[PDB]
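In what follows, a structure is listed as structure tokens, so that the remarks can point back to it.
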Amino acid sequence: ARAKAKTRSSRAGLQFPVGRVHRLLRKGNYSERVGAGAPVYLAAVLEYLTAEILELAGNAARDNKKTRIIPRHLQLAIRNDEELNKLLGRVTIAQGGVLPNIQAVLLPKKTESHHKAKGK
Amino acid sequence: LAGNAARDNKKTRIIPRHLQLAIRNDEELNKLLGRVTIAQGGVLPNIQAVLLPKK
Amino acid sequence: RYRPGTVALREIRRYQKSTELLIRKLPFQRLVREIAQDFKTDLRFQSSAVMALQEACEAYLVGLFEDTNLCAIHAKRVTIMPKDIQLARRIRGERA
Amino acid sequence: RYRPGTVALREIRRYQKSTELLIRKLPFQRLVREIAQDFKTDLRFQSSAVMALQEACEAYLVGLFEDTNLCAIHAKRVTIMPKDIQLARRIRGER
Amino acid sequence: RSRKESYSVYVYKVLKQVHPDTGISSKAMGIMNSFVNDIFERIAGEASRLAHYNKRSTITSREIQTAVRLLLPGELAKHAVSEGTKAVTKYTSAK
Amino acid sequence: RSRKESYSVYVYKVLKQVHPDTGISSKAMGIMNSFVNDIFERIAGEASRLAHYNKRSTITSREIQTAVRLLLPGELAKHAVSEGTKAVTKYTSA
Amino acid sequence: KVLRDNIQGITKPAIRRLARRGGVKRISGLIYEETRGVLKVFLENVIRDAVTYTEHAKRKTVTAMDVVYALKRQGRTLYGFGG
Amino acid sequence: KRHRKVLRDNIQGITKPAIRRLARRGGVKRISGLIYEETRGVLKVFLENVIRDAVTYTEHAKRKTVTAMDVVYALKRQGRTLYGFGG
Amino acid sequence: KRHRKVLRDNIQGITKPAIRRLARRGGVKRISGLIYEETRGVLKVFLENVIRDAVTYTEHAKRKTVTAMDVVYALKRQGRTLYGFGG
DNA sequence: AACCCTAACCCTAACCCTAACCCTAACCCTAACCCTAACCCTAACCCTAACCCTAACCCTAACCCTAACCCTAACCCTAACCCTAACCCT
DNA sequence: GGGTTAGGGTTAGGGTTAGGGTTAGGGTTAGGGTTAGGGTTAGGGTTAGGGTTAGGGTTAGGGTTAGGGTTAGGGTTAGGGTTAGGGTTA
């Protein structure tokens with residue numbers, strides 16, 4: 001009952017492996033018995049997170065006229081979104097850098113009044 | 001307010017443009033002179049976010 | 001003489017728009033080697049390990065300096081004080 | 001006539017040398033019930049659960065007030081400011 | 001030759017699906033590889049404790065769905081939950 | 001009704017050994033019970049990861065001895081290590 | 001679910017003795033609102049965590065064990081109640 | 001004639017003008033005087049802690065080479081999940 | 001290269017056949033459990049606040065060798081003069 | 001928002017097992033619910049005493065000036081220390 | 001991952017003086033505290049009745065496992081699409 005090549009596995013555009021997670025969770029000393037629908041859910045969540053991160057980093061990469069995803073682009077993209085920063089608040093990306101932001105209250109003279117006189 | 005708005009442009013002389021920028025910035029002064037159109041003052045640099053080339 | 005106040009912001013923007021290393025490699029390697037010798041002798045180091053150590057130290061120093069500046073600028077002072085670092089470390093829970 | 005500056009320390013020592021509850025139970029239970037109703041209706045509460053919640057809230061409030069006082073006393077000010085709480089929350093990483 | 005497990009083909013396929021004419025760099029691949037393995041031990045690690053707390057030992061689809069609302073924030077948690085439900089529905093519809 | 005596991009007899013024996021004519025209170029027993037179970041999942045939890053990081057799966061005496069210096073500070077870690085070594089020596093002797 | 005008269009459950013003289021336990025001598029005016037808002041946000045987070053936990057266990061009674069587990073997951077290992 | 005080990009001038013490896021541009025990345029404009037010593041002491045304490053953790057890890061693995069993976073694992077155990085190097 | 005024993009005597013050597021032999025001269029008969037450990041620590045300060053004086057003395061005369069003529073002036077400041085080996 | 005001349009790293013095919021994803025039957029083991037009864041969450045109220053609310057009098061406390069002087073701000077001749085290939089091993 | 005021999009050019013380290021930034025002194029005029037008084041509103045007993053909490057046979061729909069086939073998946077390999085610097089133009 002071979003019939004023809006029944007293409008599946010990576011169905012519905014789910015490019016994440018739906019099986020290596022189950023293999024890594026069984027030997028990972030997590031639980032005694034692992035279900036079948038859990039790896040699918042985990043792979044879907046991981047693929048959605050990766051796709052969101054990539055689509056949020058590519059838009060920031062295209063702003064600097066760069067079609068490459070450098071670590072600086074990922075650092076600027078993660079530290080921009082609210083949910084992405086709340087999820088990755090303790091993660092420090094190597095070769096990333098601080099977000100370009102200055103600070104107010106830096107000049108102490110502000111008004112710059114005439115302490116002298118008009119007539120010398 | 002006019003002097004504070006003019007000091008940012010490195011100009012210690014109050015011009016009508018600085019007066020228009022200072023009047024159209026304060027919330028208390030905008031509701032009073034809302035129907036006042038200061039001549040030779042222009043508008044405020046405000047561009048919509050939809051007009052900018054986003055994603 | 002012109003008034004300063006613009007070279008500092010220019011240097012800040014230039015160093016923020018670049019991702020280059022500021023601390024050297026050989027002095028840091030010698031320092032971590034001397035520190036490791038205090039616990040156990042006959043120890044070596046690699047390149048990626050000391051690189052990750054330098055990156056973590058740079059991130060920690062940047063965060064500590066940012067916290068110190070944010071604590072000092074809120075007290076009507078543009079400069080920071082040596083006690084502000086201890087204050088930030090006590091608030092964050094690094095030394096108790 | 002006693003000058004001000006001693007009743008505050010006396011009350012502080014009296015409240016620190018005692019381990020009695022300060023917040024009520026029924027108002028806190030009604031508050032947490034109203035909060036739980038915003039997510040899902042038909043919910044109940046116990047006694048040990050709300051007791052642990054009150055204890056955790058009291059500990060968090062004590063820590064936040066201590067941090068606010070320690071931040072305010074270092075700026076030559078004996079009193080605290082409403083911005084000091086936000087400052088401490090931003091430093092600790094709560095926002 | 002004991003090769004090491006790495007997520008490269010799937011990452012490149014996802015990037016090409018969400019952004020054409022794009023790709024990954026050198027250190028970006030290792031960063032994404034370390035990011036995947038970090039959340040892999042965080043979501044799956046909480047499911048084991050959640051199953052042990054209820055005197056159980058079966059981690060099914062609900063154990064992973066409920067762990068999304070705990071790790072992920074708000075809007076991302078609902079989106080991931082919807083994606084997982086659609087995926088399990090497409091899986092149960094046809095094998 | 002299914003009894004619940006609690007550390008009470010051993011705690012009372014230890015307290016009587018280190019301090020005569022003493023005892024535990026009401027909430028103190030639950031506090032100590034919650035404290036024991038907290039460190040029980042912290043020391044034993046790190047040994048599994050330490051064994052998995054080296055492509056192993058055997059948690060022996062060295063896996064617990066090395067985990068002492070990671071969780072415990074300085075003097076307490078050396079004291080616990082010495083106590084564990086003397087205990088394993090008395091166990092292997094007889 | 002009561003009217004919006006429970007959110008203002010924190011008074012003003014009662015919170016004075018509460019801050020005196022830590023070491024606060026003088027407070028202010030907007031503290032009665034800022035502390036209330038911070039407490040409301042933290043309680044919303046803890047209640048959401050407990051609701052997610054009791055939904056994992058398919059239970060409708062928020063017990064002390066679930067609250068202790070949620071506090072430990074957030075980073076506050078509370079002792080006393082539970083196990 | 002032919003020996004010599006290590007000294008201690010490496011502790012003063014942090015200068016003064018080089019640390020000025022380092023703090024400028026975060027947003028610091030003006031520093032002070034005792035910062036060059038306080039920051040050095042804090043860095044020394046933190047590095048001693050991280051080096052002790054890495055030494056304990058490499059002693060568990062019975063190795064004498066501090067690799068990047070052990071440093072990353074120690075940083076993650078302390079509370080700093082560093083990315084880039086390792087896996 | 002260099003020898004791996006760069007410990008330079010981590011305050012050892014003076015153990016059971018030395019501490020007991022030194023205590024037997026005074027009048028100590030038995031030794032309890034601890035006794036030691038701190039015995040090698042109380043002698044560390046005796047060389048920390050004495051040899052530093054000799055080093056500081058030799059640094060004043062632009063020298064580099066602590067002779068016997070400088071070790072007697074350091075002990076005289078504390079209040080323990082020695083006759084014979086000094087001169 | 002020169003974008004270009006420089007220009008190697010991101011770049012589409014392709015490709016050979018290939019090692020994990022799927023199939024296919026057996027089981028087998030993992031949730032309600034209906035009797036039930038027990039004790040804990042909640043519902044009206046009385047008192048009365050510490051606890052709490054509201055003016056007057058005033059003694060320290062924070063802030064805005066005034067002059068003042070010492071530390072950190074900005075080149076300049078260097079010339080020592082930090083890189084930049086290229087193999088070579090143990 | 002260390003260790004070698006050129007080298008050389010960007011980076012690090014010696015004066016310097018002048019300009020604005022903490023620090024030091026005097027009321028100051030607005031800003032919290034308290035003790036005398038009273039009118040509570042939360043701290044304790046008595047119930048008792050419903051609204052939940054808490055164990056137990058029994059499935060059948062939820063799972064778990066030994067076997068193939070095999071679609072999908074993992075190290076190399078070009079030549080081309082914008083990416084870094086250098087003079088121009090702006």
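Ligands are numbered from 1 in the order shown, chains are lettered A, B, ... in the order of the structure tokens, and residues start at 1 in each chain.
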Just need chain H moved onto chain I: least-squares over all Cα atoms matched in order, then output as a PDB file with C-alpha atoms, in the first residue's frame.
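Saved to out-v5.pdb:
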```pdb
ATOM      1  CA  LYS H   1      58.406  24.362  29.945  1.00  0.00           C
ATOM      2  CA  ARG H   2      60.769  26.517  32.018  1.00  0.00           C
ATOM      3  CA  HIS H   3      59.205  29.073  34.378  1.00  0.00           C
ATOM      4  CA  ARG H   4      56.973  28.692  37.470  1.00  0.00           C
ATOM      5  CA  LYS H   5      56.949  31.127  40.400  1.00  0.00           C
ATOM      6  CA  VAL H   6      55.572  30.374  43.880  1.00  0.00           C
ATOM      7  CA  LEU H   7      52.467  28.696  45.272  1.00  0.00           C
ATOM      8  CA  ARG H   8      50.605  28.738  48.590  1.00  0.00           C
ATOM      9  CA  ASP H   9      51.024  25.304  50.220  1.00  0.00           C
ATOM     10  CA  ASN H  10      53.935  26.831  52.156  1.00  0.00           C
ATOM     11  CA  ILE H  11      51.311  28.530  54.356  1.00  0.00           C
ATOM     12  CA  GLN H  12      50.507  25.081  55.762  1.00  0.00           C
ATOM     13  CA  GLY H  13      54.169  24.687  56.715  1.00  0.00           C
ATOM     14  CA  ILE H  14      53.298  24.035  60.367  1.00  0.00           C
ATOM     15  CA  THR H  15      52.431  20.364  60.867  1.00  0.00           C
ATOM     16  CA  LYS H  16      50.790  18.801  63.931  1.00  0.00           C
ATOM     17  CA  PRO H  17      53.326  16.507  65.677  1.00  0.00           C
ATOM     18  CA  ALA H  18      56.130  19.039  65.152  1.00  0.00           C
ATOM     19  CA  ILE H  19      54.124  21.787  66.877  1.00  0.00           C
ATOM     20  CA  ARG H  20      53.466  19.443  69.817  1.00  0.00           C
ATOM     21  CA  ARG H  21      57.130  19.436  70.852  1.00  0.00           C
ATOM     22  CA  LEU H  22      57.336  23.182  70.159  1.00  0.00           C
ATOM     23  CA  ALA H  23      54.692  23.998  72.778  1.00  0.00           C
ATOM     24  CA  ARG H  24      56.262  21.479  75.177  1.00  0.00           C
ATOM     25  CA  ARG H  25      59.247  23.809  75.642  1.00  0.00           C
ATOM     26  CA  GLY H  26      57.084  26.442  77.326  1.00  0.00           C
ATOM     27  CA  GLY H  27      55.084  24.037  79.476  1.00  0.00           C
ATOM     28  CA  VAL H  28      52.099  22.905  77.409  1.00  0.00           C
ATOM     29  CA  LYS H  29      51.023  19.280  77.885  1.00  0.00           C
ATOM     30  CA  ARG H  30      47.875  18.958  75.743  1.00  0.00           C
ATOM     31  CA  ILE H  31      46.732  21.148  72.854  1.00  0.00           C
ATOM     32  CA  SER H  32      43.590  20.856  70.718  1.00  0.00           C
ATOM     33  CA  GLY H  33      42.494  20.792  67.078  1.00  0.00           C
ATOM     34  CA  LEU H  34      41.919  24.321  65.782  1.00  0.00           C
ATOM     35  CA  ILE H  35      45.246  25.446  67.282  1.00  0.00           C
ATOM     36  CA  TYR H  36      47.069  24.319  64.128  1.00  0.00           C
ATOM     37  CA  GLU H  37      45.064  26.939  62.191  1.00  0.00           C
ATOM     38  CA  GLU H  38      44.823  29.729  64.779  1.00  0.00           C
ATOM     39  CA  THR H  39      48.570  29.683  65.472  1.00  0.00           C
ATOM     40  CA  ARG H  40      49.246  29.620  61.725  1.00  0.00           C
ATOM     41  CA  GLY H  41      47.020  32.653  61.178  1.00  0.00           C
ATOM     42  CA  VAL H  42      48.578  34.581  64.065  1.00  0.00           C
ATOM     43  CA  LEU H  43      52.075  33.746  62.806  1.00  0.00           C
ATOM     44  CA  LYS H  44      51.069  34.853  59.304  1.00  0.00           C
ATOM     45  CA  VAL H  45      49.746  38.197  60.566  1.00  0.00           C
ATOM     46  CA  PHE H  46      52.833  38.862  62.699  1.00  0.00           C
ATOM     47  CA  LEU H  47      55.156  37.887  59.847  1.00  0.00           C
ATOM     48  CA  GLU H  48      53.263  40.164  57.446  1.00  0.00           C
ATOM     49  CA  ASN H  49      53.738  43.058  59.877  1.00  0.00           C
ATOM     50  CA  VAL H  50      57.456  42.382  60.370  1.00  0.00           C
ATOM     51  CA  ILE H  51      58.002  41.880  56.631  1.00  0.00           C
ATOM     52  CA  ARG H  52      56.188  45.141  55.867  1.00  0.00           C
ATOM     53  CA  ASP H  53      58.374  46.969  58.391  1.00  0.00           C
ATOM     54  CA  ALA H  54      61.546  45.463  56.912  1.00  0.00           C
ATOM     55  CA  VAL H  55      60.387  46.360  53.393  1.00  0.00           C
ATOM     56  CA  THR H  56      59.740  49.961  54.447  1.00  0.00           C
ATOM     57  CA  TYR H  57      63.192  50.078  56.056  1.00  0.00           C
ATOM     58  CA  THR H  58      64.992  48.632  53.023  1.00  0.00           C
ATOM     59  CA  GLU H  59      63.046  51.087  50.850  1.00  0.00           C
ATOM     60  CA  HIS H  60      64.277  53.964  53.014  1.00  0.00           C
ATOM     61  CA  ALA H  61      67.829  52.673  52.519  1.00  0.00           C
ATOM     62  CA  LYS H  62      67.057  52.068  48.805  1.00  0.00           C
ATOM     63  CA  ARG H  63      68.176  48.438  49.107  1.00  0.00           C
ATOM     64  CA  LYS H  64      66.650  45.178  47.872  1.00  0.00           C
ATOM     65  CA  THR H  65      68.369  42.823  50.359  1.00  0.00           C
ATOM     66  CA  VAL H  66      66.666  42.348  53.739  1.00  0.00           C
ATOM     67  CA  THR H  67      69.666  42.195  56.077  1.00  0.00           C
ATOM     68  CA  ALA H  68      69.698  41.119  59.715  1.00  0.00           C
ATOM     69  CA  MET H  69      70.352  44.673  60.931  1.00  0.00           C
ATOM     70  CA  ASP H  70      67.110  45.954  59.396  1.00  0.00           C
ATOM     71  CA  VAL H  71      65.166  43.060  60.935  1.00  0.00           C
ATOM     72  CA  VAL H  72      66.715  43.744  64.350  1.00  0.00           C
ATOM     73  CA  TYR H  73      65.886  47.449  64.056  1.00  0.00           C
ATOM     74  CA  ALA H  74      62.291  46.684  63.051  1.00  0.00           C
ATOM     75  CA  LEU H  75      61.912  44.253  65.961  1.00  0.00           C
ATOM     76  CA  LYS H  76      63.295  46.874  68.354  1.00  0.00           C
ATOM     77  CA  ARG H  77      60.881  49.467  66.950  1.00  0.00           C
ATOM     78  CA  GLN H  78      57.985  47.053  67.487  1.00  0.00           C
ATOM     79  CA  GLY H  79      59.139  46.297  71.037  1.00  0.00           C
ATOM     80  CA  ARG H  80      61.439  43.253  70.866  1.00  0.00           C
ATOM     81  CA  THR H  81      65.144  44.076  71.239  1.00  0.00           C
ATOM     82  CA  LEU H  82      66.620  40.901  69.762  1.00  0.00           C
ATOM     83  CA  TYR H  83      70.262  40.091  70.506  1.00  0.00           C
ATOM     84  CA  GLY H  84      72.821  37.884  68.801  1.00  0.00           C
ATOM     85  CA  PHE H  85      72.634  38.756  65.111  1.00  0.00           C
ATOM     86  CA  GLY H  86      73.542  42.270  64.031  1.00  0.00           C
ATOM     87  CA  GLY H  87      74.759  45.111  66.198  1.00  0.00           C
TER      88      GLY H  87
END
```
Select from chain F every residue with an atom at most 12 Å from any atom of chain E, then for each give the shortest pair of atoms and their distance in Å to one decimal, using only C-alpha atoms, rows by chain and rising number, as JSON lines.
```
{"residue": "F:41", "atom": "CA", "partner": "E:49", "partner_atom": "CA", "distance": 11.1}
{"residue": "F:45", "atom": "CA", "partner": "E:45", "partner_atom": "CA", "distance": 11.6}
{"residue": "F:49", "atom": "CA", "partner": "E:41", "partner_atom": "CA", "distance": 11.0}
```
May I have the residues from that selection written out with N, CA, C and O atoms, as an mmCIF file, in the first residue's frame?
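Result written to result_9.cif:
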```
data_model
loop_
_atom_site.group_PDB
_atom_site.id
_atom_site.type_symbol
_atom_site.label_atom_id
_atom_site.label_comp_id
_atom_site.auth_asym_id
_atom_site.auth_seq_id
_atom_site.Cartn_x
_atom_site.Cartn_y
_atom_site.Cartn_z
ATOM 1 N N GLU F 41 14.675 20.582 46.049
ATOM 2 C CA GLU F 41 14.543 20.683 44.603
ATOM 3 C C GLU F 41 15.577 21.607 43.974
ATOM 4 O O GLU F 41 15.617 21.717 42.743
ATOM 5 N N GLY F 45 18.208 19.459 41.764
ATOM 6 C CA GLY F 45 17.899 19.904 40.418
ATOM 7 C C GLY F 45 19.124 20.315 39.628
ATOM 8 O O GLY F 45 19.163 20.149 38.405
ATOM 9 N N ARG F 49 21.218 18.668 35.774
ATOM 10 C CA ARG F 49 21.732 19.481 34.677
ATOM 11 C C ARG F 49 23.243 19.335 34.543
ATOM 12 O O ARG F 49 23.771 19.306 33.425
#
```
Who sits within 12 Å of residue K:14, only C-alpha atoms (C1' of nucleotides), same chain under 3 positions skipped, as a short mmCIF file (atom, residue, chain, number, x, y, z; two decimals) with C-alpha atoms (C1' of nucleotides), in the first residue's frame:
```
data_model
loop_
_atom_site.label_atom_id
_atom_site.label_comp_id
_atom_site.auth_asym_id
_atom_site.auth_seq_id
_atom_site.Cartn_x
_atom_site.Cartn_y
_atom_site.Cartn_z
"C1'" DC J 76 49.81 69.75 21.25
"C1'" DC J 77 54.69 66.53 20.08
"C1'" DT J 78 55.00 62.38 20.79
"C1'" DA J 79 56.19 57.35 20.40
#
```
Within 9 Å of residue D:71, counting only C-alpha atoms (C1' of nucleotides), which residues qualify if same-chain residues fewer than 6 places away don't, as a JSON list (two decimals) with C-alpha atoms, in the first residue's frame?
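Listed below is the output, out29.json:
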```json
[["chain", "number", "residue", "atom", "x", "y", "z"],
["C", 71, "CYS", "CA", 19.95, 58.06, 39.95],
["C", 87, "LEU", "CA", 23.23, 53.09, 46.36],
["C", 91, "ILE", "CA", 18.77, 48.86, 45.63],
["D", 80, "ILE", "CA", 9.73, 60.97, 50.09],
["D", 84, "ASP", "CA", 10.69, 58.12, 44.11],
["D", 87, "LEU", "CA", 12.29, 55.56, 40.32],
["D", 88, "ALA", "CA", 12.69, 52.55, 42.61]]
```
Show which residues sit within 10 Å of residue G:38, as a ChimeraX atom specification. Count only C-alpha atoms (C1' of nucleotides), and ignore same-chain residues fewer than 6 positions away.
-> /D:61,64,85-86,89,94-95 /G:44
Would you output that residue set with C-alpha atoms, as a PDB file, in the first residue's frame?
```pdb
ATOM      1  CA  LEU D  61       4.769  47.141  50.464  1.00  0.00           C
ATOM      2  CA  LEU D  64       8.944  49.235  48.482  1.00  0.00           C
ATOM      3  CA  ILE D  85       8.389  55.083  43.948  1.00  0.00           C
ATOM      4  CA  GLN D  86       8.517  55.087  40.142  1.00  0.00           C
ATOM      5  CA  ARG D  89      10.388  50.473  40.397  1.00  0.00           C
ATOM      6  CA  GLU D  94       9.231  46.163  37.820  1.00  0.00           C
ATOM      7  CA  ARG D  95       7.798  48.389  35.068  1.00  0.00           C
TER       8      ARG D  95
ATOM      9  CA  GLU G  44      -3.445  41.786  38.814  1.00  0.00           C
TER      10      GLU G  44
END
```
Contacts of residue E:86 at 10 Å or less, counting only C-alpha atoms (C1' of nucleotides), minus same-chain residues fewer than 6 places along, as a list in words?
-> residues 12, 41 and 44 of chain A; 80 and 92 of chain E
Which of chain F counts as helix (DSSP H, G or I) under DSSP, as a VMD selection string please?
-> chain F and resid 9 to 18 27 to 53 61 to 71 75 to 93
Nearby residues (only C-alpha atoms (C1' of nucleotides)) at most 8 Å from residue E:15, same-chain spacing under 4 positions excluded, as a PDB file with C-alpha atoms, in the first residue's frame:
```pdb
ATOM      1  CA  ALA A  51       8.810  34.265  12.449  1.00  0.00           C
ATOM      2  CA  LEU A  54      12.600  37.676  12.035  1.00  0.00           C
ATOM      3  CA  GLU A  55       9.841  39.866  10.571  1.00  0.00           C
TER       4      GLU A  55
ATOM      5  CA  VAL E  11      15.189  29.072  10.474  1.00  0.00           C
ATOM      6  CA  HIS E  19      10.851  37.944   4.092  1.00  0.00           C
ATOM      7  CA  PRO E  20      12.035  37.163   0.543  1.00  0.00           C
ATOM      8  CA  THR E  22      16.780  37.823   2.950  1.00  0.00           C
ATOM      9  CA  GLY E  23      19.076  35.619   4.981  1.00  0.00           C
TER      10      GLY E  23
END
```
Mind giving me the straight-line distance from atom CA of residue G:36 to atom CA of residue G:16 in Å, one decimal?
->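 Atom CA of residue G:16 lies 13.7 Å from atom CA of residue G:36.
Computed from the coordinates, the atom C1' of residue K:5 to atom CA of residue C:33 distance equals 26.7 Å.
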Would you kindly report the residues of chain E within 10 Å of chain J, using only C-alpha atoms (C1' of nucleotides), as a ChimeraX atom specification?
-> /E:21-26,56,58,95
For chain G against chain D, which residues fall within 8 Å using only C-alpha atoms, given as a PyMOL selection string?
-> chain G and resi 1-2+6-7+9+14+17-31+34-35+39+43-44+47-48+51+60-65+67-68+78+81
Report the closest atom pair, with its distance in Å rounded to one decimal, for each residue of stretch 20-85 of chain E that has an atom no farther than 10 Å from stretch 72-83 of chain A; count only C-alpha atoms, sort by chain and then rising residue number, and write it as a tab-separated table.
```
residue	atom	partner	partner_atom	distance
E:28	CA	A:74	CA	8.3
E:31	CA	A:74	CA	9.5
E:32	CA	A:74	CA	9.9
E:72	CA	A:83	CA	8.2
E:73	CA	A:83	CA	6.4
E:74	CA	A:83	CA	8.0
E:75	CA	A:83	CA	8.2
E:76	CA	A:83	CA	7.5
E:77	CA	A:83	CA	10.0
```
Could you take the residues named above and write them with C-alpha atoms, as a PDB file, in the first residue's frame?
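Printed below is result.pdb as written:
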```pdb
ATOM      1  CA  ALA E  28      23.044  35.609  14.122  1.00  0.00           C
ATOM      2  CA  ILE E  31      22.305  33.687  18.572  1.00  0.00           C
ATOM      3  CA  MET E  32      19.078  32.168  17.242  1.00  0.00           C
ATOM      4  CA  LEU E  72       4.340  34.641  26.971  1.00  0.00           C
ATOM      5  CA  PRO E  73       2.725  37.996  27.877  1.00  0.00           C
ATOM      6  CA  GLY E  74      -0.719  38.952  26.601  1.00  0.00           C
ATOM      7  CA  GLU E  75      -1.244  39.414  22.869  1.00  0.00           C
ATOM      8  CA  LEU E  76       1.606  37.057  21.950  1.00  0.00           C
ATOM      9  CA  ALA E  77       0.185  34.381  24.262  1.00  0.00           C
TER      10      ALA E  77
END
```
Calculate how many Å separate atom CA of residue F:56 from atom CA of residue F:40, rounding to one decimal.
->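 Atom-to-atom, atom CA of residue F:56 to atom CA of residue F:40, that is 21.3 Å.
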Mind listing as a PyMOL selection string which residues of chain E are within 10 Å of chain K, counting only C-alpha atoms (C1' of nucleotides)?
-> chain E and resi 3+5-6+8-10+21+58+60
